[PDB]
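For reference, the structure discussed in these notes is given below.
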2 protein chains.
Amino acid sequence: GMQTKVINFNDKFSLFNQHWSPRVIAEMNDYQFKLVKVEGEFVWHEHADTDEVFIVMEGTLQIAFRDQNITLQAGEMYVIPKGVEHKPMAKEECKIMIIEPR
Amino acid sequence: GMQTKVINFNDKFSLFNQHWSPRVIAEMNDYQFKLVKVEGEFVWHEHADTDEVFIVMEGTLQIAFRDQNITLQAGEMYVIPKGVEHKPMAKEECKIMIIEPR
Ligand code: NI
Ligand code: NI
């Protein structure tokens with residue numbers, strides 16, 4: 001049945017504990033919805049050809065930009081415009097969802 | 001500055017009470033993230049050329065299909081494949097997010 005394809009975020013987060021390792025949970029056209037557990041600092045990087053979306057599901061995420069840091073709480077999102085250098089970070093474990101093209 | 005671009009779902013949902021009237025809260029490439037308040041039944045329809053994502057933020061949503069029904073709670077999502085007829089319904093007010101091409 002179609003109900004089996006209803007995705008529960010909490011159920012999906014329970015399946016892995018590894019950090020900085022996105023899990024694809026759904027596809028929409030040529031885009032993917034990915035769950036990630038993060039802690040500590042990522043690296044400075046950019047996506048030259050696409051905007052990237054961060055939705056915080058649980059915890060507190062920071063994203064460093066060249067002149068400022070932004071803070072995202074649970075129930076908040078941000079669109080990183082294409083070509084913009086950034087470095088995601090989390091003081092404690094943070095549960096996020098990323099949406100971007102395949 | 002850039003913190004002004006952080007989107008809080010509760011803050012956006014509090015800006016309107018009108019039902020079945022999606023409000024665009026963000027854009028990712030040629031896609032839109034839209035918030036909607038729904039209650040009662042919609043109509044049977046399809047999107048021939050695109051998948052459509054529903055994410056329930058608060059309440060309970062039912063989506064009727066021609067052969068079966070699914071139920072989504074807060075913290076759950078479903079991808080309606082392109083060309084598939086469906087009719088969203090909510091017994092009580094339900095807060096949702098829809099993601100699809102502009
Ligand atoms: Ni990135
Ligand atoms: Ni629809």
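Identifiers in this document derive from the order of the structure tokens: chains are assigned A, B, ..., residues are numbered from 1 separately in each chain, and ligands are numbered from 1 in order of occurrence.
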Hey, which bits of chain A sit within 8 Å of ligand 1, and for each residue what's the closest pair of atoms and how far apart in Å (one decimal), counting only C-alpha atoms and all ligand atoms, rows by chain and increasing number, as JSON lines?
```
{"residue": "A:45", "atom": "CA", "partner": "ligand 1", "partner_atom_place_in_ligand_line": "1 (Ni)", "distance": 6.4}
{"residue": "A:46", "atom": "CA", "partner": "ligand 1", "partner_atom_place_in_ligand_line": "1 (Ni)", "distance": 5.9}
{"residue": "A:47", "atom": "CA", "partner": "ligand 1", "partner_atom_place_in_ligand_line": "1 (Ni)", "distance": 6.4}
{"residue": "A:52", "atom": "CA", "partner": "ligand 1", "partner_atom_place_in_ligand_line": "1 (Ni)", "distance": 6.6}
{"residue": "A:80", "atom": "CA", "partner": "ligand 1", "partner_atom_place_in_ligand_line": "1 (Ni)", "distance": 7.6}
{"residue": "A:86", "atom": "CA", "partner": "ligand 1", "partner_atom_place_in_ligand_line": "1 (Ni)", "distance": 6.8}
{"residue": "A:87", "atom": "CA", "partner": "ligand 1", "partner_atom_place_in_ligand_line": "1 (Ni)", "distance": 7.3}
{"residue": "A:88", "atom": "CA", "partner": "ligand 1", "partner_atom_place_in_ligand_line": "1 (Ni)", "distance": 7.4}
```
Give the helix (DSSP H, G or I) residues of chain B, as assigned by DSSP on the backbone, as a ChimeraX atom specification. /B:2-5,9-14
Pick the closest to chain A from B:85, B:100, B:76, B:30: which is it, counting only C-alpha atoms?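 Comparing B:85, B:100, B:76, B:30 against chain A, the winner is B:76.
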Please report as a ChimeraX atom specification which residues of chain A come no farther than 6 Å from chain B, using only C-alpha atoms. /A:3,6-9,28-29,51,70,75-78
Okay, now the selection with N, CA and C atoms, as a PDB file, in the first residue's frame?
```
ATOM      1  N   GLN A   3       0.603   3.859   1.919  1.00  0.00           N
ATOM      2  CA  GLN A   3       0.939   4.248   3.297  1.00  0.00           C
ATOM      3  C   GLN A   3       2.388   3.902   3.651  1.00  0.00           C
ATOM      4  N   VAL A   6       4.769   6.704   3.200  1.00  0.00           N
ATOM      5  CA  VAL A   6       4.675   7.860   4.115  1.00  0.00           C
ATOM      6  C   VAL A   6       5.972   7.820   4.926  1.00  0.00           C
ATOM      7  N   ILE A   7       6.746   8.895   4.869  1.00  0.00           N
ATOM      8  CA  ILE A   7       8.045   9.001   5.547  1.00  0.00           C
ATOM      9  C   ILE A   7       7.931   9.779   6.864  1.00  0.00           C
ATOM     10  N   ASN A   8       8.303   9.138   7.977  1.00  0.00           N
ATOM     11  CA  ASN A   8       8.325   9.752   9.309  1.00  0.00           C
ATOM     12  C   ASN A   8       9.783  10.113   9.600  1.00  0.00           C
ATOM     13  N   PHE A   9      10.062  11.411   9.762  1.00  0.00           N
ATOM     14  CA  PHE A   9      11.442  11.892   9.970  1.00  0.00           C
ATOM     15  C   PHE A   9      12.121  11.259  11.183  1.00  0.00           C
ATOM     16  N   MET A  28      11.952  13.918  -5.399  1.00  0.00           N
ATOM     17  CA  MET A  28      10.949  14.755  -6.027  1.00  0.00           C
ATOM     18  C   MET A  28      11.554  15.178  -7.372  1.00  0.00           C
ATOM     19  N   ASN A  29      11.008  14.659  -8.461  1.00  0.00           N
ATOM     20  CA  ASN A  29      11.557  14.902  -9.794  1.00  0.00           C
ATOM     21  C   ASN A  29      13.053  14.514  -9.742  1.00  0.00           C
ATOM     22  N   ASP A  51      21.229  26.231  -5.670  1.00  0.00           N
ATOM     23  CA  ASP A  51      20.884  26.680  -4.344  1.00  0.00           C
ATOM     24  C   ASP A  51      20.783  25.383  -3.536  1.00  0.00           C
ATOM     25  N   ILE A  70      25.118  32.694  10.807  1.00  0.00           N
ATOM     26  CA  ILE A  70      23.680  32.655  11.048  1.00  0.00           C
ATOM     27  C   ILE A  70      23.430  31.464  11.969  1.00  0.00           C
ATOM     28  N   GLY A  75      12.652  23.844  13.390  1.00  0.00           N
ATOM     29  CA  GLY A  75      11.522  24.545  12.753  1.00  0.00           C
ATOM     30  C   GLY A  75      11.916  25.803  11.999  1.00  0.00           C
ATOM     31  N   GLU A  76      13.171  25.849  11.537  1.00  0.00           N
ATOM     32  CA  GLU A  76      13.687  26.973  10.763  1.00  0.00           C
ATOM     33  C   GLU A  76      14.452  26.448   9.579  1.00  0.00           C
ATOM     34  N   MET A  77      14.461  27.230   8.501  1.00  0.00           N
ATOM     35  CA  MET A  77      15.186  26.879   7.278  1.00  0.00           C
ATOM     36  C   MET A  77      15.927  28.060   6.683  1.00  0.00           C
ATOM     37  N   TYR A  78      16.833  27.735   5.769  1.00  0.00           N
ATOM     38  CA  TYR A  78      17.635  28.708   5.074  1.00  0.00           C
ATOM     39  C   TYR A  78      17.981  28.205   3.688  1.00  0.00           C
TER      40      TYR A  78
END
```
Quick one: DSSP strand (DSSP E) residues in chain B, as JSON, numbers by chain? {"B": [7, 8, 23, 24, 25, 26, 27, 28, 31, 32, 33, 34, 35, 36, 37, 38, 39, 40, 41, 52, 53, 54, 55, 56, 57, 58, 61, 62, 63, 64, 69, 70, 71, 72, 76, 77, 78, 79, 80, 87, 88, 89, 90, 91, 92, 93, 94, 95, 96, 97, 98, 99, 100, 101]}
Option closest in space to ligand 2, from B:41, B:60, B:16, B:84 [counting only C-alpha atoms and all ligand atoms]: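 The shortest atom-to-atom distance to ligand 2 comes from B:84.
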Would you mind reading off the distance between atom CA of residue A:63 and atom CA of residue A:35, one decimal, in Å?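 Computing the Euclidean distance for atom CA of residue A:63 and atom CA of residue A:35 yields 17.0 Å.
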Given only C-alpha atoms as the counted atoms, nearest of A:102, A:95, A:37, A:12 to residue A:59: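 Nearest to residue A:59: A:95.
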Between atom CA of residue B:58 and atom CA of residue A:62 lies a distance of 25.2 Å
Residue with smallest distance to residue B:36 - pool B:64, B:92, B:97, B:14, counting only C-alpha atoms: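 Ranked by minimum distance to residue B:36, first place goes to B:97.
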Distance of atom CA of residue A:89 from atom CA of residue A:19, expressed in Å to one decimal place: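 Those two atoms sit 11.9 Å apart.
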Name the closest residue to residue A:66 among the candidates A:54, A:13, A:44, A:31; distances are taken between atoms, counting only C-alpha atoms. A:44
